[PDB]
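Shown next: upload_16.cif, containing mmCIF, C-alpha atoms.
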```cif
data_work
loop_
_atom_site.label_atom_id
_atom_site.label_comp_id
_atom_site.auth_asym_id
_atom_site.auth_seq_id
_atom_site.Cartn_x
_atom_site.Cartn_y
_atom_site.Cartn_z
CA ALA D 1 21.00 54.83 88.11
CA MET D 2 23.67 54.08 90.72
CA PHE D 3 25.13 57.62 90.85
CA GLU D 4 21.79 59.18 91.81
CA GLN D 5 21.16 56.44 94.36
CA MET D 6 24.47 57.01 96.16
CA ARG D 7 24.36 60.80 95.90
CA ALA D 8 22.25 61.37 99.03
CA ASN D 9 24.35 59.18 101.30
CA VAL D 10 27.61 60.63 99.97
CA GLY D 11 26.30 64.17 100.43
CA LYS D 12 25.44 63.37 104.05
CA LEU D 13 28.86 61.81 104.60
CA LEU D 14 30.53 64.97 103.26
CA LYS D 15 28.43 67.17 105.55
CA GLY D 16 29.95 65.61 108.66
CA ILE D 17 33.14 64.24 110.18
CA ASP D 18 32.70 60.69 108.91
CA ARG D 19 34.29 61.98 105.69
CA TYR D 20 37.58 61.64 107.58
CA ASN D 21 37.06 57.95 108.35
CA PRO D 22 38.83 55.71 105.77
CA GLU D 23 36.30 52.95 106.49
CA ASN D 24 34.07 54.95 104.15
CA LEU D 25 36.48 54.64 101.22
CA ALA D 26 34.85 51.51 99.83
CA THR D 27 31.63 53.51 99.42
CA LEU D 28 33.36 56.62 98.03
CA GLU D 29 35.42 54.58 95.53
CA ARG D 30 32.33 52.86 94.13
CA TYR D 31 30.89 56.38 93.83
CA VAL D 32 33.89 57.43 91.75
CA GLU D 33 33.45 54.38 89.51
CA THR D 34 29.82 55.38 88.92
CA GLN D 35 30.88 58.93 88.03
CA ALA D 36 33.14 57.48 85.34
CA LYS D 37 30.64 55.04 83.83
CA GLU D 38 27.63 57.39 83.88
CA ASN D 39 29.71 60.47 83.13
CA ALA D 40 28.47 62.02 86.36
CA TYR D 41 30.63 64.19 88.61
CA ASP D 42 31.17 65.23 92.24
CA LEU D 43 34.35 67.22 92.90
CA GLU D 44 33.83 67.55 96.67
CA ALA D 45 33.58 63.76 97.05
CA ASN D 46 36.65 63.19 94.87
CA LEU D 47 38.75 65.67 96.85
CA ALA D 48 37.57 63.98 100.05
CA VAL D 49 38.83 60.69 98.63
CA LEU D 50 42.24 62.16 97.77
CA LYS D 51 42.40 63.64 101.26
CA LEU D 52 41.64 60.25 102.81
CA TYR D 53 44.50 58.74 100.76
CA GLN D 54 46.97 61.44 101.80
CA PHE D 55 46.03 61.00 105.48
CA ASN D 56 45.85 57.17 105.32
CA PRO D 57 48.64 56.22 102.82
CA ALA D 58 47.98 52.47 103.01
CA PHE D 59 44.60 53.05 101.33
CA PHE D 60 46.04 54.91 98.33
CA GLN D 61 44.26 53.47 95.30
CA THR D 62 45.98 53.97 91.94
CA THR D 63 42.97 53.46 89.71
CA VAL D 64 40.60 55.65 91.73
CA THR D 65 43.24 58.39 91.96
CA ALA D 66 43.83 58.24 88.20
CA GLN D 67 40.09 58.41 87.48
CA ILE D 68 39.68 61.36 89.84
CA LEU D 69 42.47 63.23 88.04
CA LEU D 70 41.15 62.36 84.59
CA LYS D 71 37.62 63.45 85.50
CA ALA D 72 39.07 66.66 86.96
CA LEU D 73 40.65 67.33 83.56
CA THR D 74 37.27 66.84 81.88
CA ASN D 75 36.15 69.80 84.00
CA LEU D 76 38.70 72.30 82.66
CA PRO D 77 38.74 75.35 82.41
CA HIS D 78 37.71 75.00 86.06
CA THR D 79 40.32 74.66 88.82
CA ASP D 80 39.42 71.02 89.56
CA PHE D 81 42.65 69.56 88.15
CA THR D 82 44.82 72.00 90.12
CA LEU D 83 42.96 71.35 93.36
CA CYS D 84 43.46 67.59 93.01
CA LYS D 85 47.19 68.15 92.52
CA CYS D 86 47.20 70.09 95.80
CA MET D 87 45.85 66.90 97.41
CA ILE D 88 48.56 64.51 96.18
CA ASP D 89 52.10 64.63 97.58
CA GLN D 90 55.20 64.54 95.39
CA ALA D 91 55.99 60.86 95.99
CA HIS D 92 52.59 59.76 94.71
CA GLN D 93 52.53 62.22 91.78
CA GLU D 94 55.80 60.63 90.65
CA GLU D 95 54.36 57.12 90.52
CA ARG D 96 53.03 55.38 87.42
CA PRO D 97 50.54 56.10 86.04
CA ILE D 98 49.86 59.26 88.05
CA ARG D 99 53.03 60.80 86.63
CA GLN D 100 51.86 60.06 83.07
CA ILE D 101 48.37 61.44 83.74
CA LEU D 102 49.75 64.67 85.19
CA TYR D 103 51.97 64.97 82.12
CA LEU D 104 48.90 64.66 79.86
CA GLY D 105 47.06 67.21 81.99
CA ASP D 106 50.05 69.53 81.62
CA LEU D 107 49.72 69.37 77.83
CA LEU D 108 46.04 70.34 78.16
CA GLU D 109 46.67 73.14 80.67
CA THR D 110 49.37 74.62 78.44
CA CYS D 111 46.93 74.15 75.57
CA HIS D 112 49.24 72.01 73.40
CA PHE D 113 46.29 70.13 71.90
CA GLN D 114 48.10 68.42 69.02
CA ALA D 115 50.76 67.19 71.44
CA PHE D 116 48.02 66.03 73.80
CA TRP D 117 46.26 63.83 71.26
CA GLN D 118 49.60 62.49 70.04
CA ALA D 119 50.79 61.60 73.55
CA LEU D 120 47.37 60.18 74.39
CA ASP D 121 47.53 56.39 74.20
CA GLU D 122 44.03 56.16 72.72
CA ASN D 123 43.74 52.50 73.74
CA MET D 124 44.72 53.32 77.34
CA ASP D 125 42.95 51.07 79.87
CA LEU D 126 41.93 53.79 82.33
CA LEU D 127 40.19 55.75 79.56
CA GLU D 128 37.84 52.95 78.51
CA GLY D 129 35.63 53.24 81.58
CA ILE D 130 35.60 57.04 81.64
CA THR D 131 32.51 57.75 79.54
CA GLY D 132 32.71 60.84 77.35
CA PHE D 133 36.31 61.60 78.32
CA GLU D 134 37.41 62.45 74.79
CA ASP D 135 34.39 64.66 74.04
CA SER D 136 34.75 66.47 77.37
CA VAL D 137 38.33 67.33 76.42
CA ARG D 138 37.00 68.67 73.12
CA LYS D 139 34.59 70.96 74.93
CA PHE D 140 37.53 72.53 76.75
CA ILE D 141 39.41 72.88 73.46
CA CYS D 142 36.42 74.60 71.85
CA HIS D 143 36.24 76.85 74.91
CA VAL D 144 39.84 77.89 74.28
CA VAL D 145 39.30 78.20 70.53
CA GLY D 146 36.28 80.45 71.02
CA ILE D 147 38.54 82.75 73.06
CA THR D 148 41.76 82.69 71.04
CA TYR D 149 40.67 82.65 67.38
CA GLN D 150 38.72 85.01 65.15
CA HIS D 151 38.97 82.67 62.15
CA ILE D 152 40.52 79.20 61.95
CA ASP D 153 41.43 76.72 59.20
CA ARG D 154 38.93 73.86 58.94
CA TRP D 155 41.75 71.31 58.77
CA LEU D 156 43.47 72.83 61.81
CA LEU D 157 40.38 72.70 64.01
CA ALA D 158 39.83 69.01 63.20
CA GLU D 159 43.46 68.30 64.11
CA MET D 160 43.17 70.13 67.42
CA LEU D 161 39.99 68.21 68.21
CA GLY D 162 41.77 64.89 67.76
CA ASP D 163 42.03 64.35 64.00
CA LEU D 164 38.29 64.25 63.28
CA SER D 165 36.64 63.33 59.98
CA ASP D 166 34.84 66.20 58.29
CA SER D 167 31.58 64.69 59.52
CA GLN D 168 32.73 64.64 63.16
CA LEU D 169 34.12 68.17 62.90
CA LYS D 170 30.68 69.30 61.71
CA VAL D 171 29.23 68.04 64.99
CA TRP D 172 31.42 70.41 67.02
CA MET D 173 30.99 73.38 64.70
CA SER D 174 27.24 72.87 65.01
CA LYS D 175 27.47 72.66 68.79
CA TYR D 176 29.06 76.11 69.16
CA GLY D 177 27.40 77.79 66.19
CA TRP D 178 30.53 78.08 64.05
CA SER D 179 30.17 78.27 60.26
CA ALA D 180 32.55 78.17 57.30
CA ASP D 181 32.99 81.42 55.37
CA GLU D 182 35.85 81.44 52.86
CA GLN D 183 37.86 79.36 57.03
CA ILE D 184 35.55 78.82 60.00
CA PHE D 185 34.14 81.98 61.56
CA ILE D 186 34.71 81.88 65.31
CA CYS D 187 34.76 85.43 66.62
CA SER D 188 34.72 89.02 65.36
CA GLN D 189 37.84 91.08 66.06
CA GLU D 190 36.10 93.62 68.32
CA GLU D 191 34.81 90.70 70.39
CA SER D 192 38.13 88.84 70.43
CA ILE D 193 40.12 91.73 71.94
CA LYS D 194 38.17 91.39 75.19
CA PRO D 195 40.32 89.70 77.85
CA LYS D 196 38.86 86.31 78.80
CA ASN D 197 40.76 83.87 81.02
CA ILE D 198 41.54 80.56 79.31
CA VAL D 199 41.54 78.68 82.62
CA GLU D 200 40.14 79.62 86.03
CA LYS D 201 42.59 80.68 88.73
CA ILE D 202 42.92 79.22 92.21
CA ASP D 203 43.13 81.57 95.18
CA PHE D 204 43.62 81.66 98.95
CA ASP D 205 39.94 81.02 99.66
CA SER D 206 39.50 77.93 97.48
CA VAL D 207 42.88 76.49 98.49
CA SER D 208 42.69 77.20 102.23
CA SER D 209 39.27 75.55 102.08
CA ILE D 210 40.65 72.16 100.98
CA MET D 211 43.80 72.55 103.09
CA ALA D 212 41.82 73.19 106.28
CA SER D 213 41.52 69.54 107.34
#
```

Is it possible to give me this structure as structure tokens?
Amino acid sequence: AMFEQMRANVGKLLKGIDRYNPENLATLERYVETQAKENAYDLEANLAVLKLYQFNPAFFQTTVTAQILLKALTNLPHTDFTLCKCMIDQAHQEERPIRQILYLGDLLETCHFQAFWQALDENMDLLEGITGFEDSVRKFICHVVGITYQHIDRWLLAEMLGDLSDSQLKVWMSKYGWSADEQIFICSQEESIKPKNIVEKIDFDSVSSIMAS
């Protein structure tokens, strides 16, 4: 569809210096919209957009920035969300609804899943166009669960996944191969003691890379 059709041109733009020309924002913003609708993704392009906004303040677009941040969150445990934050100055992070979105992201990063779903205005406008947003968040939660639990109450897992019906819960248990025993078996103890990072860490290389320009 549209994402695949724009992909080549955007990739070429990102390979050169035109990526620094704000005249190309109209094209990059439509690209972001397509990522949301088709549930496609391109971090490099999104960071380039944020960079263009930081360098050309008058072009700052609230909706596109919010979608970039929300999509970044759908990519946790990766460093996407943190990198985007590095590309938005304090003044803009403090503006509605960027402030609210960062707050929600904070709940996810700190793994307060119940609090996340509670604070999440389910009927939020920006979320409607972001296809698969809720399920993507669940994948991250299951990633964390697979690392931090050996066994877990069936009721608790459904709560953490956003208050799912038993039928919906079954979908996620099936996806990661979890099965009920007496509780849901997640991991053996000897396997659980292995240290596994919950979220990826940024470093000098990745950060200096985006800070270069």

Residue nearest residue 97 of chain D among D:83, D:72, D:142, D:66 (counting all atoms listed in the file)
D:66

Which residue of D:126, D:145, D:180, D:48 approaches residue 18 of chain D most closely, using only C-alpha atoms
D:48

Compile the contact shell of residue 160 of chain D as a VMD selection string: residues with an atom at most 10 Å away, counting all atoms listed in the file, same-chain residues fewer than 3 positions apart removed.
chain D and resid 111 to 117 138 141 to 142 145 155 to 157 163 to 164

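Between residue 140 of chain D and the residues D:121, D:166, D:205, D:109, the shortest atom-to-atom distance, using all atoms listed in the file, involves D:109.
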
Expanded to explicit residues, what is the PyMOL selection byres ((chain D and resi 152) around 12) for this file, as a list in words?
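That selection, the PyMOL selection byres ((chain D and resi 152) around 12), comes back as residues 142, 145, 146, 147, 148, 149, 150, 151, 153, 154, 155, 156, 157, 158, 159, 160, 173, 178, 179, 180, 181, 182, 183, 184, 185, 186, 187 and 188 of chain D.
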
With C-alpha atoms retained, write the just-selected residues as a CSV table (one decimal), in the frame of the given file.
```
chain,number,residue,atom,x,y,z
D,142,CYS,CA,36.4,74.6,71.8
D,145,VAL,CA,39.3,78.2,70.5
D,146,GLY,CA,36.3,80.4,71.0
D,147,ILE,CA,38.5,82.8,73.1
D,148,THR,CA,41.8,82.7,71.0
D,149,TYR,CA,40.7,82.6,67.4
D,150,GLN,CA,38.7,85.0,65.2
D,151,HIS,CA,39.0,82.7,62.2
D,153,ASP,CA,41.4,76.7,59.2
D,154,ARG,CA,38.9,73.9,58.9
D,155,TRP,CA,41.8,71.3,58.8
D,156,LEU,CA,43.5,72.8,61.8
D,157,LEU,CA,40.4,72.7,64.0
D,158,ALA,CA,39.8,69.0,63.2
D,159,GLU,CA,43.5,68.3,64.1
D,160,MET,CA,43.2,70.1,67.4
D,173,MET,CA,31.0,73.4,64.7
D,178,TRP,CA,30.5,78.1,64.0
D,179,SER,CA,30.2,78.3,60.3
D,180,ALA,CA,32.6,78.2,57.3
D,181,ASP,CA,33.0,81.4,55.4
D,182,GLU,CA,35.8,81.4,52.9
D,183,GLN,CA,37.9,79.4,57.0
D,184,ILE,CA,35.6,78.8,60.0
D,185,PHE,CA,34.1,82.0,61.6
D,186,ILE,CA,34.7,81.9,65.3
D,187,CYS,CA,34.8,85.4,66.6
D,188,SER,CA,34.7,89.0,65.4
```

Rank nothing, just name the residue among D:32, D:1, D:119, D:91 nearest to residue 69 of chain D, using all atoms listed in the file.
D:32

Selection under test: the PyMOL selection byres ((chain D and resi 6) around 12); residues as an MDAnalysis selection string:
chainID D and resid 1:5 7:13 27:35 40 42 45

Shell around residue 200 of chain D at 9 Å using only C-alpha atoms, local window under 2 positions removed, as number ranges by chain:
D: 76-79, 197-198, 202

Determine the residue membership of the PyMOL selection byres ((chain D and resi 70) around 10) for the file above and supply it as a list in words.
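Checked against the file, the PyMOL selection byres ((chain D and resi 70) around 10) matches residues 36, 64, 65, 66, 67, 68, 69, 71, 72, 73, 74, 75, 81, 98, 101, 102, 104, 105, 126, 127, 130, 133 and 137 of chain D.
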
Please check which residues have atoms at most 12 Å from (41.4, 60.2, 102.2) in the file's coordinates, counting all atoms listed in the file, and write them as a PDB file with C-alpha atoms, in the coordinates of the input.
```pdb
ATOM      1  CA  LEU D  14      30.530  64.970 103.260  1.00  0.00           C
ATOM      2  CA  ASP D  18      32.700  60.690 108.910  1.00  0.00           C
ATOM      3  CA  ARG D  19      34.290  61.980 105.690  1.00  0.00           C
ATOM      4  CA  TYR D  20      37.580  61.640 107.580  1.00  0.00           C
ATOM      5  CA  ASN D  21      37.060  57.950 108.350  1.00  0.00           C
ATOM      6  CA  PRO D  22      38.830  55.710 105.770  1.00  0.00           C
ATOM      7  CA  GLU D  23      36.300  52.950 106.490  1.00  0.00           C
ATOM      8  CA  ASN D  24      34.070  54.950 104.150  1.00  0.00           C
ATOM      9  CA  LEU D  25      36.480  54.640 101.220  1.00  0.00           C
ATOM     10  CA  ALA D  26      34.850  51.510  99.830  1.00  0.00           C
ATOM     11  CA  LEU D  28      33.360  56.620  98.030  1.00  0.00           C
ATOM     12  CA  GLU D  29      35.420  54.580  95.530  1.00  0.00           C
ATOM     13  CA  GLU D  44      33.830  67.550  96.670  1.00  0.00           C
ATOM     14  CA  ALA D  45      33.580  63.760  97.050  1.00  0.00           C
ATOM     15  CA  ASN D  46      36.650  63.190  94.870  1.00  0.00           C
ATOM     16  CA  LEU D  47      38.750  65.670  96.850  1.00  0.00           C
ATOM     17  CA  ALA D  48      37.570  63.980 100.050  1.00  0.00           C
ATOM     18  CA  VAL D  49      38.830  60.690  98.630  1.00  0.00           C
ATOM     19  CA  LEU D  50      42.240  62.160  97.770  1.00  0.00           C
ATOM     20  CA  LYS D  51      42.400  63.640 101.260  1.00  0.00           C
ATOM     21  CA  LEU D  52      41.640  60.250 102.810  1.00  0.00           C
ATOM     22  CA  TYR D  53      44.500  58.740 100.760  1.00  0.00           C
ATOM     23  CA  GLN D  54      46.970  61.440 101.800  1.00  0.00           C
ATOM     24  CA  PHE D  55      46.030  61.000 105.480  1.00  0.00           C
ATOM     25  CA  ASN D  56      45.850  57.170 105.320  1.00  0.00           C
ATOM     26  CA  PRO D  57      48.640  56.220 102.820  1.00  0.00           C
ATOM     27  CA  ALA D  58      47.980  52.470 103.010  1.00  0.00           C
ATOM     28  CA  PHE D  59      44.600  53.050 101.330  1.00  0.00           C
ATOM     29  CA  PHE D  60      46.040  54.910  98.330  1.00  0.00           C
ATOM     30  CA  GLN D  61      44.260  53.470  95.300  1.00  0.00           C
ATOM     31  CA  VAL D  64      40.600  55.650  91.730  1.00  0.00           C
ATOM     32  CA  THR D  65      43.240  58.390  91.960  1.00  0.00           C
ATOM     33  CA  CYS D  84      43.460  67.590  93.010  1.00  0.00           C
ATOM     34  CA  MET D  87      45.850  66.900  97.410  1.00  0.00           C
ATOM     35  CA  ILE D  88      48.560  64.510  96.180  1.00  0.00           C
ATOM     36  CA  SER D 213      41.520  69.540 107.340  1.00  0.00           C
TER      37      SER D 213
END
```

Atom CA of residue 191 of chain D to atom CA of residue 80 of chain D, straight-line distance in Å
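Distance reported for this atom pair: 27.9 Å.
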
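Proximity of D:62, D:100, D:136, D:93 to residue 39 of chain D, computed with all atoms listed in the file, is greatest for D:136.
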
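Going from atom CA of residue 203 of chain D over to atom CA of residue 85 of chain D, you cover 14.3 Å.
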
Atom CA of residue 208 of chain D to atom CA of residue 106 of chain D: how many Å, to one decimal?
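A separation of 23.2 Å between them.
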
Between D:204, D:190, D:123, D:139, which one has atoms that come closest to residue 175 of chain D, using only C-alpha atoms?
D:139
